[PDB]
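Participant: The following block contains the structure, expressed as structure tokens.
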Amino acid sequence: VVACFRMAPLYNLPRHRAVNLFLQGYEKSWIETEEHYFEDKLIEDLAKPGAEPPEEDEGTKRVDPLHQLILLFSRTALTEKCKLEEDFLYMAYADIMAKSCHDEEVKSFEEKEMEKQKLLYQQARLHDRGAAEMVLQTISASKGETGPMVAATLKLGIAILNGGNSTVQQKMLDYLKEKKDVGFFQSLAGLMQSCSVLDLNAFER
Amino acid sequence: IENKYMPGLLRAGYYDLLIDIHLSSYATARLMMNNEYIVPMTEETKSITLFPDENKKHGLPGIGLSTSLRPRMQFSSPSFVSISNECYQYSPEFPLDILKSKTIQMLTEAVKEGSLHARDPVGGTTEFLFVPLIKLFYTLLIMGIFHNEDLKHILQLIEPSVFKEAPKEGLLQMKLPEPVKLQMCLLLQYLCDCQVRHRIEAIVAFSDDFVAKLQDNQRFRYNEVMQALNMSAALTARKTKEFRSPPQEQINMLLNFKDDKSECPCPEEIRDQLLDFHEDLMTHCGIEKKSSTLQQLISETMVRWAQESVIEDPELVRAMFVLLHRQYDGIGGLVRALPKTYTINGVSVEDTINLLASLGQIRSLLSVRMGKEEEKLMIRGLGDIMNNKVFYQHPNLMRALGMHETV
């Protein structure tokens, strides 16, 4: 009975306060829930070579925009820094690339082979341009610090490694062997110690 | 500014000196406050709409009626003879209309001259011809002096086909150097920011009537509940649970008529209003053979540049891909702008603008090394902010402005 007077409904609130509250509520309830799927088309248009042989280049095959983006990210990872600074561009485009790969009642064998071929082609579009080395370089530069950088890099690695991709596994193993990178395994270990578990104190509090 | 036989290095130095002396401080202040939206509740604000006319075609970015509070222009006299610190404050005065006319004439001439690919660019190179000139144009446009027909003409110069009101090629397809492309990307990002500001203002305008009708029906429901309270005491508790839930919860529950669960006690017409406004907003954002829109134009231009040439400069690649992601993730602009969107009453406009000026001073003096006069400025600005009634009345605005982080 006294609750409605201890705290008033929306009609008692001033116009501007209610307007701000409605803006926040509309944002949270609608804008995130509205979802559009553009990753496949984006990563395919970026993969398309834009008529390079028609263009008056008279030279070797120029690198596609997706390859240039992957090279930019790889160079940023390889650059020596005291800390792996967060890059909004990376956390956006790595998510886009991972979505493009994983792209997700009984299925026939021909159909299942079809989704396998689709996944292989989508993983090829990325690990034919250096994504396998990129996802290792970012983890190595992380130096065992948990963050959104690793949270997106691991997702991209899983997306490109779905189904146990032998070509991608071989590419990562060869890259690690030829670079003799200890930082990758050091960062993996550090992430393992930084991983969290259940906390009775926090649960009780 | 105008001599065509000036050496390129001196031309760049002079276009830098002009910006630094006269038209840099206000540009910096407005650029810092560009990501914050305080929209007063005025009749001009209510008049704002997503689409200018009945057909759903985007208007030219920039032009229109914008009511968002922005930093105020005040320029000190160029007379430095007086030793007063009050007159030493602010930026020296300049004929900012002669400057804006000359810049437009200049870029108009440069578009025609460089298109023929002459062997004698102003300053000796296309970079010296374009990078400092476009940068002066970019600073003027950021400062916002360009308005209406001047912006229309400069948009025609940037791209005639896309911005045509309804064999000439705009700056976007001119085989531009990398430094020129970086400045063009900056201009395109500013245009996108203007579109996002227009979207936020239209959302605030729609809120004015939508929230009013929501409050009216929510109070009629309360009156019906309280008059039927005597009929059943058991039903009274579950009827009044909404009325005793916190106002944020009330907004959240009344705004669930999305999908088909329909748990909200929202009238059908109130549901239809937002169901139409949200569709119109998504159409404006592009979520749901020429490009005809800035978003499609940028999405074509960035990919065309990347396919055409291997961009050597990492910053150009970064800017191009950031802009492309902005075009392809328009909902992201909303999810990042709305949490920084605040609404104030008309009476509080003067106090809000004074508080914003004080905050602008406090935030802009972050970039200078600490000193005694800066200590006095910090203390005085903090005192003014404390004295402002807005600081007390609107803690949410204070938190969204990131003021505690600045201190």
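Residues in the structure tokens are named by chain (A, B, ... in the order shown) and by number from 1 within that chain; ligands are numbered from 1 in the order shown.
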Using only C-alpha atoms, determine which residues lie at most 12 Å from residue 158 of chain B, disregarding the query and same-chain residues fewer than 2 positions distant; provide the list as a PyMOL selection string.
Facilitator: chain B and resi 104+107-108+110-112+134+137-138+151-156+160-164+168-174+184-185+187-188+191+294+297
Participant: Sorted by chain and rising residue number, which residues of chain A lie within 6 Å of chain B, and what are their closest atom pairs and distances in Å to one decimal, counting only C-alpha atoms, as a Markdown table?
Facilitator:
```
| residue | atom | partner | partner_atom | distance |
| --- | --- | --- | --- | --- |
| A:3 | CA | B:244 | CA | 5.7 |
| A:4 | CA | B:244 | CA | 4.9 |
| A:9 | CA | B:243 | CA | 5.4 |
| A:11 | CA | B:215 | CA | 4.7 |
| A:16 | CA | B:344 | CA | 5.9 |
| A:25 | CA | B:252 | CA | 5.5 |
| A:50 | CA | B:307 | CA | 5.0 |
| A:65 | CA | B:306 | CA | 5.4 |
```
Participant: Which polymer residues have any atom within 6 Å of an atom of segment 35-49 of chain A, counting only C-alpha atoms, with same-chain residues fewer than 4 positions away left out, as a list in words?
Facilitator: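 In the requested form, the answer reads residues 64, 65, 66, 96 and 100 of chain A.
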Participant: Quick one, how far is atom CA of residue 128 of chain A from atom CA of residue 99 of chain A?
Facilitator: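 Straight-line distance from atom CA of residue 128 of chain A to atom CA of residue 99 of chain A works out to 17.0 Å.
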Participant: Give the strand (DSSP E or B) residues of segment 9-120 of chain B, as DSSP finds them on the backbone, and put them as a list in words.
Facilitator: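 Output for segment 9-120 of chain B, strand (DSSP E or B) only: residues 37, 38, 39, 40, 75, 76, 91 and 92 of chain B.
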Participant: Any idea what the distance is between atom CA of residue 162 of chain A and atom CA of residue 198 of chain A?
Facilitator: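 Computing it gives 28.6 Å between the two atoms.
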Participant: Give me the residues near residue 146 of chain A as a short mmCIF file (atom, residue, chain, number, x, y, z; two decimals) with N, CA and C atoms, in the first residue's frame, where near means some atom within 8 Å (using only C-alpha atoms) and where sequence neighbours in that chain fewer than 3 positions away do not count.
Facilitator:
```cif
data_model
loop_
_atom_site.label_atom_id
_atom_site.label_comp_id
_atom_site.auth_asym_id
_atom_site.auth_seq_id
_atom_site.Cartn_x
_atom_site.Cartn_y
_atom_site.Cartn_z
N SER A 142 50.10 -10.87 -26.08
CA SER A 142 49.30 -10.68 -24.88
C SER A 142 50.11 -10.86 -23.60
N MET A 149 41.21 -8.53 -25.95
CA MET A 149 42.10 -8.91 -27.04
C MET A 149 42.18 -10.42 -27.18
N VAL A 150 42.50 -11.11 -26.08
CA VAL A 150 42.59 -12.56 -26.09
C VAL A 150 41.21 -13.18 -26.27
N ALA A 151 40.18 -12.56 -25.67
CA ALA A 151 38.82 -13.08 -25.79
C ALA A 151 38.34 -13.14 -27.24
N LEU A 191 47.79 -17.08 -19.11
CA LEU A 191 46.34 -17.10 -19.20
C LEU A 191 45.76 -18.22 -18.37
N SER A 194 45.77 -17.12 -14.86
CA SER A 194 44.84 -16.02 -14.65
C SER A 194 43.38 -16.45 -14.79
N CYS A 195 43.13 -17.64 -15.33
CA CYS A 195 41.76 -18.13 -15.42
C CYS A 195 41.15 -18.29 -14.03
#
```
Participant: Rounded to one decimal, what separation in Å do you get between atom CA of residue 372 of chain B and atom CA of residue 86 of chain B?
Facilitator: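 Separation of atom CA of residue 372 of chain B and atom CA of residue 86 of chain B: 17.1 Å.
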Participant: Name all residues at most 8 Å from residue 130 of chain A (count only C-alpha atoms; drop same-chain ones fewer than 6 positions away) and give them as a ChimeraX atom specification.
Facilitator: /A:67,70-71
Participant: Keeping N, CA and C atoms for every residue in the selection just given, could you write it to a file as a PDB file, in the first residue's frame?
Facilitator:
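Written output follows (result09.pdb):
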```
ATOM      1  N   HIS A  67      43.467  -9.379 -46.940  1.00  0.00           N
ATOM      2  CA  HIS A  67      44.865  -9.691 -46.671  1.00  0.00           C
ATOM      3  C   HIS A  67      45.604  -8.492 -46.096  1.00  0.00           C
ATOM      4  N   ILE A  70      44.573  -8.188 -42.437  1.00  0.00           N
ATOM      5  CA  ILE A  70      45.241  -9.203 -41.631  1.00  0.00           C
ATOM      6  C   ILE A  70      46.711  -8.859 -41.438  1.00  0.00           C
ATOM      7  N   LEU A  71      47.376  -8.362 -42.483  1.00  0.00           N
ATOM      8  CA  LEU A  71      48.757  -7.909 -42.360  1.00  0.00           C
ATOM      9  C   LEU A  71      48.903  -6.732 -41.407  1.00  0.00           C
TER      10      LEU A  71
END
```
Participant: Using only C-alpha atoms, which of B:401, B:167, B:135, B:32 sits nearest residue 115 of chain B?
Facilitator: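 Selected residue with least distance to residue 115 of chain B: B:167.
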Participant: Excluding residue 63 of chain B and any residue of its chain fewer than 5 positions from it, enumerate the residues within 10 Å of it, using only C-alpha atoms, and give them as a ChimeraX atom specification.
Facilitator: /B:146-152,194-195,198
Participant: Going by DSSP on the backbone, which residues of segment 11-115 of chain A come out as alpha helix (DSSP H)? List them as JSON, numbers by chain.
Facilitator: {"A": [15, 16, 17, 18, 19, 20, 21, 22, 23, 24, 25, 26, 39, 40, 41, 42, 43, 44, 45, 46, 47, 65, 66, 67, 68, 69, 70, 71, 72, 73, 74, 75, 76, 77, 78, 88, 89, 90, 91, 92, 93, 94, 95, 96, 97, 98, 99, 100, 101, 102, 109, 110, 111, 112, 113, 114, 115]}
Participant: Would you put the residues from that selection into a file with C-alpha atoms, as a compact mmCIF listing (two decimals), in the first residue's frame?
Facilitator:
```
# COMPACT_ATOMS: atom_id res chain seq x y z
CA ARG A 15 8.95 15.06 -18.38
CA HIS A 16 12.73 15.20 -18.84
CA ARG A 17 13.48 12.46 -16.30
CA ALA A 18 10.92 10.16 -17.93
CA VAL A 19 12.34 11.01 -21.36
CA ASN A 20 15.86 10.06 -20.26
CA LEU A 21 14.62 6.85 -18.63
CA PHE A 22 12.73 5.95 -21.80
CA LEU A 23 15.82 6.63 -23.91
CA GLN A 24 17.87 4.25 -21.76
CA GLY A 25 15.12 1.62 -21.74
CA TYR A 26 14.54 1.82 -25.49
CA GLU A 39 29.70 -10.74 -41.79
CA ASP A 40 29.55 -13.24 -44.66
CA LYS A 41 28.91 -10.60 -47.33
CA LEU A 42 31.50 -8.24 -45.82
CA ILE A 43 34.30 -10.83 -45.66
CA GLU A 44 33.40 -12.00 -49.14
CA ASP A 45 33.46 -8.54 -50.74
CA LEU A 46 36.73 -7.83 -48.93
CA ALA A 47 38.05 -11.15 -50.25
CA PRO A 65 41.80 -5.84 -48.77
CA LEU A 66 41.21 -8.69 -46.32
CA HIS A 67 44.87 -9.69 -46.67
CA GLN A 68 45.94 -6.09 -46.05
CA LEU A 69 43.78 -5.93 -42.91
CA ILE A 70 45.24 -9.20 -41.63
CA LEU A 71 48.76 -7.91 -42.36
CA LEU A 72 48.01 -4.66 -40.50
CA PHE A 73 46.82 -6.62 -37.46
CA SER A 74 49.82 -8.98 -37.65
CA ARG A 75 52.27 -6.06 -37.83
CA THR A 76 50.54 -4.35 -34.90
CA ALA A 77 50.86 -7.57 -32.89
CA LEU A 78 54.52 -8.05 -33.87
CA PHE A 88 38.47 -1.47 -31.05
CA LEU A 89 39.19 -2.17 -34.73
CA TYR A 90 40.60 -5.56 -33.77
CA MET A 91 37.77 -6.45 -31.39
CA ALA A 92 35.29 -5.60 -34.15
CA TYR A 93 36.89 -7.18 -37.21
CA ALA A 94 38.11 -10.33 -35.43
CA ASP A 95 34.52 -10.92 -34.31
CA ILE A 96 33.32 -10.32 -37.88
CA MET A 97 35.87 -12.83 -39.21
CA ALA A 98 34.93 -15.44 -36.59
CA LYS A 99 31.22 -15.04 -37.38
CA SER A 100 31.97 -15.39 -41.09
CA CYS A 101 33.72 -18.70 -40.43
CA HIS A 102 31.42 -20.41 -37.94
CA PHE A 109 25.13 -37.35 -45.85
CA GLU A 110 25.34 -35.17 -48.97
CA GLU A 111 24.06 -32.18 -46.99
CA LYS A 112 26.52 -32.80 -44.15
CA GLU A 113 29.39 -33.00 -46.63
CA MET A 114 28.07 -29.70 -47.99
CA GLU A 115 28.29 -27.89 -44.65
```
Participant: Would you mind listing what lies within 6 Å of segment 1-10 of chain B as a ChimeraX atom specification, with only C-alpha atoms counted and same-chain residues fewer than 6 positions away left out?
Facilitator: /B:122-123,128
Participant: From the set B:406, B:45, B:76, B:293, which residue has the shortest atom-to-atom contact distance to residue 367 of chain B, counting only C-alpha atoms?
Facilitator: B:406
